[PDB]
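Taking it in order: structure first as structure tokens, then the write-up.
Just the heavy atoms: all of them, side chains too, but no hydrogens, waters or symmetry mates, feed the values below. For this chain, numbers begin at 1 and follow the sequence in order.
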Amino acid sequence: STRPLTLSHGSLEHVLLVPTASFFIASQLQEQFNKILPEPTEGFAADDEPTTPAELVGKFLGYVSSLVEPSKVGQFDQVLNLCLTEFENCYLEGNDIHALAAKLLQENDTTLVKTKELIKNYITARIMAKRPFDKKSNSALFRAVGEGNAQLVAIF
């Protein structure tokens, strides 16, 4: 049915389950990514090297999005939402990308530039894949206010 795509990034690894009907295309983009990523540095403690498997595909969500035009339909939007679903299912847990970034900054090493790059390229990939945020999430505090559990004021 599908052919797994192992995203080889030095010592950081994640496998991508890719259907065959687009595996020829996805296989072409990983061929380019290894050219774009620099070499592994001291366990990816560099300025851009992916230190956790999350940003390994996070930056993968970026360059694929860079090859997309939202107005036209192409062939890379098929792998765009493809890798997007796997990222949000594997590394995200129904929460927001902000929780993932803040916690990956909490438990693992802290390089806040990469952690913000994570939201930056994710949102571009998420919205650019014609997957808008036109669906409210159950952020605990806002549904708490809607239920009366709390109350908010916005100061500036």
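Smallest separation of non-hydrogen atoms from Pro38 and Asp48: CG-OD2, 3.3 Å. Nearest heavy-atom pair across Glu13 and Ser8 is OE1-CA, 3.2 Å. For the residue pair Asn121 and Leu118, the shortest heavy atom distance occurs at OD1-O, 2.7 Å. Taking every heavy atom of both residues into account, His9 and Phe44 meet most closely at O-CZ, 3.0 Å. Counting all heavy atoms, side chain and backbone alike, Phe76 lies closest to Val64 at O-CG2, 4.2 Å. The two atoms that bring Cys83 and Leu61 nearest to each other are SG-CD1, 3.6 Å, heavy atoms only.
In summary, the side chains of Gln30 and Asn34 do not present any donor paired with an acceptor at a separation below 3.5 Å, with no hydrogens or angles considered. If you check the side chains of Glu86 and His14, you find a donor sitting under 3.5 Å from an acceptor. Under 3.5 Å, the side chains of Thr51 and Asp109 contain a donor-acceptor pair of N or O atoms.
Enclosure of atom NZ in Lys116 by more than 12 non-hydrogen atoms of other residues, nucleotides or ligands within 6.0 angstrom is indicated. In the displayed structure, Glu42 atom CD is contacted under 6.0 Å by more than 12 heavy atoms of other residues, nucleotides or ligands. Other residues, nucleotides and ligands contribute at most 12 non-hydrogen atoms within 6.0 Å of the CZ atom of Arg3.
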Under the criterion side-chain contact (heavy atoms from CB on, under 4.5 Å), I'd like the reasoning laid out for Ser66 against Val68: C-alpha separation, chi angles, the key distance, then a yes or no. CA-CA 5 Å; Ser66 297; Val68 192; over 6 Å; no
Could you walk me through whether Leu37 and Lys59 pass the side-chain contact (heavy atoms from CB on, under 4.5 Å) check? CA-CA 9 Å; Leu37 56 93; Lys59 67 97 174 181; 3.4 Å; yes
Could you walk me through whether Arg126 and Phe133 pass side-chain contact (heavy atoms from CB on, under 4.5 Å), step by step? CA-CA 8 Å; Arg126 157 67 195 265; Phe133 285 147; 3.1 Å; yes
Pair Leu17, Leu5 - check side-chain contact (heavy atoms from CB on, under 4.5 Å), show working. CA-CA 6 Å; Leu17 172 137; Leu5 189 142; over 6 Å; no
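Taking the six-membered ring where the residue is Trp, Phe87 and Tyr122 present tilted rings, their angle falling between 30° and 60°.
Separation of atoms CD1 (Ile97) and CD (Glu88) is listed at 10.0 Å; rounding is to 0.5 Å. Separation of atoms OG1 (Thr115) and CG (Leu105) is listed at 5.0 Å; rounding is to 0.5 Å. Annotation: the span from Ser22 atom OG to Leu29 atom CG amounts to 10.0 Å, rounded to 0.5 Å.
Side-chain atoms of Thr85 come within 3.5 Å of backbone atoms of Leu82 as a donor-acceptor pair (strictly under, hydrogens ignored). Using a distance-only test at 3.5 Å, with no hydrogens or angles considered, a donor-acceptor pair links the side chain of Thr124 to the main chain of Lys120.
Linking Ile, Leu, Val, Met, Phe, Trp and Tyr whenever their side-chain heavy atoms come within less than 4.5 Å puts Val57 and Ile36 in one cluster.
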